[PDB]
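Below, each chain spelled out in residue letters.
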Amino acid sequence: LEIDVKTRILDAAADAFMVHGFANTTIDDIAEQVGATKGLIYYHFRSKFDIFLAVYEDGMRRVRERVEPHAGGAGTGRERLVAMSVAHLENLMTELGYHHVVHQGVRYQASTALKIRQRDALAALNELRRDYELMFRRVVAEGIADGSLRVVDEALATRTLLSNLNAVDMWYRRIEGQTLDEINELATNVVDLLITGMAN
Amino acid sequence: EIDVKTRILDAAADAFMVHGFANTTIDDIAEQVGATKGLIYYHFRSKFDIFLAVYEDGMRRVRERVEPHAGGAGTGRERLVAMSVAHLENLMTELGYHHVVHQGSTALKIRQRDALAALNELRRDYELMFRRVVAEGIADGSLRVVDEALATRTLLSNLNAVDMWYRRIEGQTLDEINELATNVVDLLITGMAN
């Protein structure tokens, strides 16, 4: 279809919003990375910003589907959280472009020079932000009640967990370029350190 | 302790963090510093070279804070948590400088980059000071037999990550921050699941 020609734009922007950043990237930069005119780019997206919201949209959606299915597993909460976290990681190791461009907005928060339709849309994705972290909070108390899990502040570890989770995109920047199997091994081992602990 | 160079450094580190480095300029720096337009330029070559100063200044600060906590006569688990607590208190109280120590496309000169290489060594050594502690920590049986490079790496970025949900929370007293960084450490190293 033409979903073929739009995703190329959003993949390109996802990988161009990263090295340069939004404020330091223009439509043309996308046009050059994609090898396409600047007219059709504006044909599919009415704004230099609207494009970013779409890569945002896809970034959650893509993760939104991938990690949700582990909302029920074989073990207690501990065993539920490990697999879903492993997904979130391997996801972000190949979805990397779309995932840097879902937490970037914090750098554009204060200025917030924006249209009034984009204010509603972006916030609509902000309250949708809360959904994903709540999903990760829920699988926690399932193991805490079972005792197979340690116990710590539920308003802290979720912040600490998601943060420790996405903290790895500030060290995988010059590490990309391997097999998706080799990404899964790390996604497993790292969730081990963050979950099963580094002490005895 | 009103000092001119340092106040220029904080105004920069502040703007450098919240305002994008790209979209935070010397003029942008001037408005929050209350200094003359060319005053900044008197001691600092260019926007970048302030970054060198601010990076270097707040970089060696954290190292002084945490080093005393690597030379204790204890185990890997308890000293590493000790150092990581100082890491977080540095981060929570020095958030502008601390984020800018790993915040670096522009037309850069070799000399301003040579210092950047010098800075990067400091960053690679503070972290290695964290790697050595874990090396004993699993050599002494108080820590899981976990891959060394990754465990030190994960913890370190785990501490540097407490900034992005903390930049909108920083108003509390040091009594709170010391009581906070400790919990932020426990599930960082101890983990969970019994």
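Bear in mind the residue numbers are our own, running from 1 along each chain as written, so they may not match the entry, and residues with no coordinates are left out. All chains are assigned letters beginning at A, and all ligands numbers beginning at 1, according to the order in which they are written. Here the side-chain values reflect all heavy atoms present in the structure, with hydrogen atoms and water set aside. Residues with missing side-chain atoms are left out of burial classes, side-chain pairs and their counts.

X-ray crystallography is the method the PDB entry states for this structure, with the resolution given as 3.56 Å.

In the nomenclature of the PDB entry, chain B is known as Fatty acid metabolism regulator protein of Mycolicibacterium smegmatis. The record lists the entry's title as "Structure of the M. smegmatis DarR protein".

As annotated in the PDB entry, chain A carries the name Fatty acid metabolism regulator protein and comes from Mycolicibacterium smegmatis.

### A short note on helix α1 (residues 3–19) of chain A
In an α-helix, one turn spans 3.6 residues, which is why side chains three or four residues apart end up on the same side. Residue and element names in this part refer to chain A. This is how it is decided: Starting at the N terminus, helices and strands are each numbered in turn, a helix being any DSSP run of H or I of at least four residues and a strand any DSSP run of E of at least two. Every helix has an expected span of 1.5 Å times one less than the residues it contains. Three labels apply to residues, based on accessible area from a 1.4 Å probe with only protein chains included: buried if under 20% of the type maximum, exposed if over 50%, partly exposed otherwise in between. Note on contacts: a residue pair is in contact if any heavy atoms of the two residues lie within 4.5 Å.
Compared with the 24 Å implied by 1.5 Å per residue over 17 residues, the 25 Å span of α1 between its first and last C-alpha is a close match. All buried positions along α1 are accounted for by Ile-9, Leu-10, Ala-12, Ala-13, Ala-14, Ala-16 and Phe-17. Those residues of α1 hidden inside the fold are in contact with α2 (27–34), α3 (38–44), α4 (50–67) and α6 (96–103). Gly-21 sits one or two residues past α1 and shows a positive phi near 100°.

### Regarding the interface of chain A and chain B
Defined as follows: We call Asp, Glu, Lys and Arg charged. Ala, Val, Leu, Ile, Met, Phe, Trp, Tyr, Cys and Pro are nonpolar, and the rest, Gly among them, are polar.
Of the residues lining the interface, 27 residues belong to chain A; the matching set on chain B comes to 30 residues. At the level of secondary structure, the elements contributing two or more residues to the side of chain A that touches chain B comprise α8 (154–166) and α9 (180–195) of chain A. Residue classes in the side of chain A that touches chain B are distributed as 14 nonpolar, eight polar and five charged.

### Section: the pattern of salt bridges
One side chain can pair with another of opposite charge once the charged atoms of both are near each other. Which entries qualify depends on this criterion: For salt bridges, the criterion is a side-chain nitrogen of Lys or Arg within 4 Å of an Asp or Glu carboxyl oxygen.
For the structure shown, the criterion picks out 15 salt bridges over all chains. Linking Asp-28 of chain A and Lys-38 of chain A is a salt bridge whose minimum nitrogen-to-oxygen distance equals 3.6 Å. Here the residue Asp-28 of chain A occupies a position in helix α2, and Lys-38 of chain A occupies one in helix α3, the gap between them amounting to ten residues. What makes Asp-28 of chain A partly exposed here is its relative accessible area of 34%. Overall, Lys-38 of chain A belongs to the partly exposed group, its relative accessible area being 44%. By sharing partners, the salt bridges in this structure join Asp-57, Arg-60, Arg-61, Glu-64 and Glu-94 of chain B into a single network.

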